[PDB]
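Only one chain comes next, encoded as structure tokens, the form deposited in one PDB entry.
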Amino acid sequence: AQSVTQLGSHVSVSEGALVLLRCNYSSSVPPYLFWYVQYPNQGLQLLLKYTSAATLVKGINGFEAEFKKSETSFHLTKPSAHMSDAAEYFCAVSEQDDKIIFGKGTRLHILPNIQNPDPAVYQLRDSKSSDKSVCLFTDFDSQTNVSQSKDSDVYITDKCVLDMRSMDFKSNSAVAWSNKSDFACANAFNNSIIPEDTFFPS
């Protein structure tokens, strides 16, 4: 009878924009409601909860959520998305007067504001003696995404965002590699739609 629903396993928000993570519940009588956050290889931390007191509930770091009985909702919001907000978020509800039941979770991806993109594909060499290298696609903005490989002997990773605090500078990248003789960095990302102005050094 009682459930909790988060839709979207993975969602995006622009750096600086309103954060909104949705949760709905199915209990007839209003339940208690909880939002938890989890960082990589860490446990669960309570952000805020509705415990039949205030309907506008406030949490740490500018999070809030409003309990809305008429739309059976408890959406989590934060006014501005920061790169440190990247995490998995779980909505949860009281059930059967004896437990908390958890939603399936939503991972929040923060898209960095890349004002001066500089898309490029670089070749990197093994620090030890090597016929061995990898290819690094880097410095593209939010409109580029990386596709999986078409060749089973070429490996391509998902794009990853790094935040260099020393220079207050964020950048996207993906890595490709292969154990093949005819593998060149010029062809590594041919299954991806890359910027027309991508830099290919020779």
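Rigid core here is just the name for the largest C-alpha set that superposes within 1.5 Å across the two forms. Residue numbers here begin at 1 and follow the sequence given. Shifts are known only where both forms have a C-alpha.
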Pick between 44-52 and 146-154: the one whose mean CA B-factor in the entry is higher.
146-154
If you take the mean CA temperature factor per stretch, which one wins between 63-71 and 29-37?
63-71
Looking at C23, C185, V19, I194, which has the highest Cα B-factor in the entry?
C185
Peak C-alpha temperature factor (PDB record), options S130, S94, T106, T77:
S130
Using only modelled residues of the chain, where does the Cα B factor of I114 rank: lowest third, middle third or highest third?
highest
When the deposited Cα B-factors of this chain's modelled residues are ordered and cut into thirds, is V161 in the lowest, the middle or the highest one?
lowest
Based on the deposited C-alpha B factors for this chain, I'd like to know if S181 is in the lowest, middle or highest third.
highest
Quick tally, chain-level thirds of C-alpha B-factors: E88 sits in the lowest
Thinking about Cα B factors across the chain, which third does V134 belong to?
middle
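Although it is not shown, the form deposited with a partner chain bound is what the next lines describe.
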So, a 4.5 angstroms cut-off on heavy atom distances: do all three of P30, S52 and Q96 pass it with respect to its partner chain in the deposited bound form?
yes
Superposing on the rigid core, which residue among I60, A53, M167, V29 shifts its Cα by at least 2 Å between this form and the one not shown?
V29
Do any runs of 3 or more residues shift their CA by 2 Å or more between this form and the one not shown on a core fit, and if so, which ones, in sequence order?
28-30
